[PDB]
Amino acid sequence: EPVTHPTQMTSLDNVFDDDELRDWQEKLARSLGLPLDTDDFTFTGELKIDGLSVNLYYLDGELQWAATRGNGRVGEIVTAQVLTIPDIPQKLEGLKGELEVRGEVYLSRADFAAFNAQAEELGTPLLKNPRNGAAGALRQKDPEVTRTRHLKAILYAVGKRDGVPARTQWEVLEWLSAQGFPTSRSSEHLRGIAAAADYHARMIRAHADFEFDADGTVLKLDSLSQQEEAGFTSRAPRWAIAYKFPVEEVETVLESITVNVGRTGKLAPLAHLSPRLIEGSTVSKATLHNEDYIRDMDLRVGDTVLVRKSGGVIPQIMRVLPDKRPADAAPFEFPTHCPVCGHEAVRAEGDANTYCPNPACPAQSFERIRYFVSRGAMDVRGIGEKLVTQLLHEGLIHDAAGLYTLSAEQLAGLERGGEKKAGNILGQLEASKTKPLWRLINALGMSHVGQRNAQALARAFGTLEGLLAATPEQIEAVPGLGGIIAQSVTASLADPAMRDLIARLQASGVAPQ
Ligand SMILES: [Mn+2]
Ligand SMILES: [Mn+2]
Ligand SMILES: [Zn+2]
Ligand SMILES: [Zn+2]
Ligand SMILES: [Zn+2]
Ligand SMILES: [Zn+2]
């Protein structure tokens, strides 16, 4: 829900090298009517954080709402999600008047890379940059989603300051941290344009050694009496500026392209390059995403390419270099079959991921077995992650049907000598055989086929034989599953390992309800 900011959140100008910072001081000293050759200016140096700017509003000391920047005048109320952020106060004593604290909600570099890595082997959408990741965490209807993402935030300015005794920006930061606000660890009280450029350089050589992406520094004029005088240009003020860090893009050569199979089945590619040093670490493997990403980038195997790290962490590629291409470099013939199991590998009409059929693929085996067992499937309490891993280390089960073919002595003759718990585990098996039919298709673990899609698939036919014996046209005509879900369903049943798993399942005695 939109809300109008009390004071408008203006943007900032950008300086990239030293000469542009000198023109910045020249513009500032001129806007105040001072001799151009002056270095008496006291500054304040924060960091430009790769996140989302957020504004707070405290009336009579008590918190009212938390909103995003939006367009600089009207933001979006994220009152509940910002309160999932830890050290966020809601009541300041001895304070009366409109308080407007400004800040920035960022996301940890490790929490950021672990998300895209989760999205890489799964096929679910991926985070572009730390700003979209912070916005993707804030803009969530359920605040528990934001709480489960470790959303961390920093506040580094104040606008409407009714009842704030701070008279300089350095005392603003002191007053913020004194009231219990989460402030920036690195913020220096600078004097002179030379000390500001030195500070910016020291943050450059500390860019990689942070827990959060900082894409530059922020230089503010110390005296508030001078801030409320220099004024604004049009979109940015004349008393504060952002000094961006230099770009970090290293040129290297692409060597080999490999493919890994995700636990779900995502056929995720991977690029291997000549090991080059970026900032500090030596990057040699780059994320390659999906097939259409390669085809759009025209990444013929053997090309020389540019590469960086997304937010300073995730190594993603940039583009190709046609001037340095070999004439014999052929376009990468994308694999049509699974590399680790051999079975066919086909993708849907619109889905960019490629996926893999059923369980013979060792990358899916463990995930398919434990998904077959959970509450969302066949309800087999007793069989846990520590037990399934042993059944694969010893090699007693192949797919989910191998569980029903086990004996009481095979499960009792294991670790800790559990006889009665093997009886409880066995009882859940035959009790699962007479469970409803919709719980079976979901337990197979096909792509896109969730708990809701498996129920609509069950209402489509009703009988198990009607699903195996049904043309692709009559199964694409089901309501709920168009031409992307139903197309992924047909590829599963057309696979022999799925037909073998289902046949062994009915051979053990599965007659759904
Ligand atoms: Mn950076
Ligand atoms: Mn960045
Ligand atoms: Zn320059
Ligand atoms: Zn975390
Ligand atoms: Zn096979
Ligand atoms: Zn496979």
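Residues numbered from 1 in each chain as written, not as in the entry; some residues may be left out. Chains lettered and ligands numbered in written order. Heavy atoms only, no water.

Below, the discussion takes up the overall build of the protein. Looking only at helices and strands, the protein features 20 helices and 16 strands. A compact globule built from 513 residues should have a C-alpha radius of gyration of about 24 Å, whereas the protein, at 30 Å, is more than 25% larger. The dimensions of the protein, computed from C-alpha atoms along their principal axes, are 90 × 65 × 50 Å. Looking at the 513 residues of the protein, the share that counts as buried comes to 49%. Across the protein, contacts joining residues at least 24 apart in sequence account for 68% of those joining residues at least 6 apart. Roughly 24,900 Å² of accessible area belongs to the protein as shown, and the carbon and sulfur atoms make up 51% of that amount. Side-chain charges of the protein comprise 55 positive and 68 negative groups, with the mean position of each set lying 4 Å from the other. (Helix = DSSP H or I, 4+ residues; strand = E, 2+ residues; numbered from the N terminus. Rg over C-alpha atoms; globule rule 2.2 N^0.38 Å. Buried < 20%, exposed > 50% of the residue type's maximum accessible area, 1.4 Å probe, protein only. Contact = heavy atoms within 4.5 Å. Areas by Shrake-Rupley, 256 points an atom, 1.4 Å probe, with all protein chains shown as cover. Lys, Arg positive; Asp, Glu negative; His and termini not counted. Charge placed at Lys NZ, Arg CZ, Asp CG, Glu CD.)

Take the UniProt feature "active site" in the protein next. The positions UniProt marks with the feature "active site" are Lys48. Mapped onto the secondary structure, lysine 48 falls in strand β3 (residues 42-49). What makes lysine 48 buried here is its relative accessible area of 19%. (UniProt positions renumbered as here; feature names shortened; annotations may be inferred.)

Right, let's talk about the coordination of the manganese ion (ligand 1) for a bit. Looking at the manganese ion (ligand 1), one finds its protein donor set to be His207 (NE2), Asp213 (OD) and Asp215 (OD), positioned 2.1 to 2.2 Å from the metal centre. One chain supplies every donor to the manganese ion (ligand 1), and in sequence these donors are spaced H-x5-D-x1-D. Distance-wise, the manganese ion (ligand 2) is placed 4.0 Å from the manganese ion (ligand 1), both being coordinated by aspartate 213. Across the pair, exposure class does not vary: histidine 207 and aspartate 213 are buried alike. (Donors = N, O, S within 2.8 Å, 3.2 Å for Na, K, Ca; no water.)

Take the domain arrangement of the protein next. Parsing the protein into structural domains produces domain 1 (2-243), domain 2 (250-321) and domain 3 (362-508). Spacing between the C-alpha centres of domain 1 and domain 3 amounts to 51 Å. (Domains from an automatic or database assignment.)

The subject of this paragraph is the coordination of the zinc ion (ligand 3). Distances from the zinc ion (ligand 3) to its protein donors, namely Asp17 (OD), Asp17 (OD), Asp19 (OD) and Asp19 (OD), fall within the range 2.0 Å. Here the zinc ion (ligand 3) binds 4 donor atoms, and the angle range of 43 to 103° at the metal identifies the geometry as irregular. (Tetrahedral: all angles 85-135°; square planar, octahedral: opposite > 155°, others 65-115°.)

Turning next to the packing of aromatic side chains. Under the counting rule described, the total for this entry stands at 7 aromatic pairs. A ring pair is formed by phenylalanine 210 and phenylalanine 212, whose centres lie 5.5 Å apart and whose planes are at 5°; its orientation type is stacked. Here the two residues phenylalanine 210 and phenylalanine 212 agree in accessibility, since each one is buried. Feature note: the residues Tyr106, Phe210 and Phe212 constitute an aromatic cluster, connected by ring pairs. (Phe/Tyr/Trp six-rings, centres within 6.5 Å; stacked < 30°, edge-to-face > 60°.)

Right, let's get into the sheet that holds strand β2 (residues 13-15). One open sheet holds the 5 strands; their spatial order is β2-β11-β10-β3-β9, and the pairing between them is mixed. Pairing within the sheet leaves two strands with one partner each, and these edge strands are β2 and β9 (188-191). In this sheet, adjacent strand axes meet at a mean angle of 35° when their direction is disregarded. Bridge count between β3 and β9: 4 bridges; the pairing is antiparallel. Pairing of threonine 42 across the sheet is with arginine 191, part of β9. (Pairing = 2+ DSSP bridges. Axes fitted to C-alpha atoms, helices over the stretch in contact; angles between N-to-C directions.)

Secondary-structure assignment places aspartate 215 in strand β10 (residues 214-221). Spatially, the C-alpha atoms of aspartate 215 and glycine 413 are 58 Å apart, while their sequence positions differ by 198 residues. The residues contacting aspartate 215, other than those within four sequence positions of it, are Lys48, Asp50, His207, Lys244 and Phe245.

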